[PDB]
Amino acid sequence: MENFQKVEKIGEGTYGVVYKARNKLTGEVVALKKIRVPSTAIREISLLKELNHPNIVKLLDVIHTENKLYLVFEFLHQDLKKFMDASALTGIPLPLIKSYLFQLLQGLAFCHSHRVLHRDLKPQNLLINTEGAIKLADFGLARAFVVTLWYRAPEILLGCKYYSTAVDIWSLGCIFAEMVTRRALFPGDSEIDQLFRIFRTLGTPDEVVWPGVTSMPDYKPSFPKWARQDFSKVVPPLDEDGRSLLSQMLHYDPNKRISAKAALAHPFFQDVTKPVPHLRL
Ligand SMILES: N=C(N)NS(=O)(=O)c1ccc(N/C=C2\C(=O)Nc3ccccc32)cc1
């Protein structure tokens with residue numbers, strides 16, 4: 001903490017405050033994260056350091072000093088939330104949405120193959136650079152260690178404590194929809210509002226569509242029954258390839274919901290390219 005000249009506070013996270021900081025000895029600009044320490048956690052984090060991929064924001068150093076923890080990460084200039092806001096009036100071009108989504112699925116497919124889950128994907132954890140790359144931040148901190166419930170998967174909301182990599186697919190599906198319509202898909206303001214927002218669009222799940230759902234911890238027989246809506250009405254004007262992919266990412270049953278690896282082979286990515294965005298830094 002003495003070797004860093006904190007420039008600005010980049011924002012608070014689920015596990016701590018992040019600062020844009022400049023390393024004194026090296027001059028390099030990094031993202032320093034002060035974790036808000045157990046032995047398990049240290050080991051957890053230390054595995055994440057060796058998890059390298061072009062679509063994962065790199066964990067550079069871990070500093071446990073004076074019984075405090077700080078994580079040093081590579082720095083990217085803008086998050087997807089700010090870029091979306093900037094493009095609110097015109098929307099993000101489909102060719103760019105398609106490239107960002109393809110890159111994110113590659114990152115997830117890498118993490119998921121190493122049994123690492125993000126568990127808290129949101130536009131704010133997605134970082135972009137001038138070269139057209141997009142990277143995931145916070146990967147693996149959930150395991151080792163007002164909040165937005167907008168991108169939370171149904172199984173978490175219903176009390177499943179042993180969730181899987183499918184939760185990340187769901188969150189990504191929610192971000193995919195938001196980039197296309199320029200409006201949050203399920204903006205719930207509490208857990209039950211969140212749940213009901215999902216039920217009102219996708220229909221209240223039952224044993225036909227989701228076997229075992231009625232035996233979930235927080236499922237109540239008293240849940241109102243809503244019918245399912247046409248996706249054509251939910252995500253206009255996404256073409257049929259996009260909508261079919263989206264429906265596979267938003268399946269209720271985690272076991273049925275598409276994997277990141279299978280998603281990469283979907284017809285929607287037949288014409289992917291890597292356009293370079295216009296970023297105002
Ligand atoms: N607020 C500013 N300055 N611009 S911005 O809002 O687009 C913005 C700019 C940079 C970042 N970067 C965040 C991060 C970064 O670079 N690496 C990380 C690793 C872990 C957690 C967060 C980060 C996040 C937001």
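Going by the deposited numbering, the letters in the sequence shown line up with residues 1 to 36, 44 to 152, 163 to 298, in that order.
No residue lacks a Cβ here, since even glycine has one placed at the ideal position from N, Cα and C.
Where residue i falls, given that 16 or more other Cβ within 10 Å makes a residue buried
| i | result |
| --- | --- |
| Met-196 | buried |
| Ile-49 | exposed |
| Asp-127 | buried |
| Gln-287 | exposed |
| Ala-277 | buried |
| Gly-190 | buried |
Beta-carbon gap between residue i and residue j smaller than 7 Å
| i | j | result |
| --- | --- | --- |
| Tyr-15 | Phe-152 | yes |
| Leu-134 | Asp-185 | no |
| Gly-176 | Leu-55 | no |
Where residue i falls: helix, strand or coil (DSSP)
| i | result |
| --- | --- |
| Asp-92 | helix |
| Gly-190 | helix |
| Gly-139 | coil |
| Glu-12 | strand |
| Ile-215 | helix |
| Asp-86 | strand |
| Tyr-107 | helix |
| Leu-133 | strand |
| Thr-198 | helix |
Any non-hydrogen atom of ligand 1 closer than 6 Å to residue i Cβ
| i | result |
| --- | --- |
| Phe-82 | yes |
| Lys-89 | yes |
| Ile-10 | yes |
| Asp-86 | yes |
| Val-252 | no |
| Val-64 | yes |
| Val-69 | no |
| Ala-282 | no |
| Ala-31 | yes |
| residue 318 | The chain is shown only over 1 to 298; residue 318 falls outside these bounds and no answer can be derived. |
| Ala-144 | yes |
Cβ distance (whole Å) where residue i is taken to contact residue j below 8 Å
| i | j | result |
| --- | --- | --- |
| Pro-292 | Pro-102 | 5 Å |
| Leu-25 | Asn-3 | 6 Å |
| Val-289 | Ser-106 | 6 Å |
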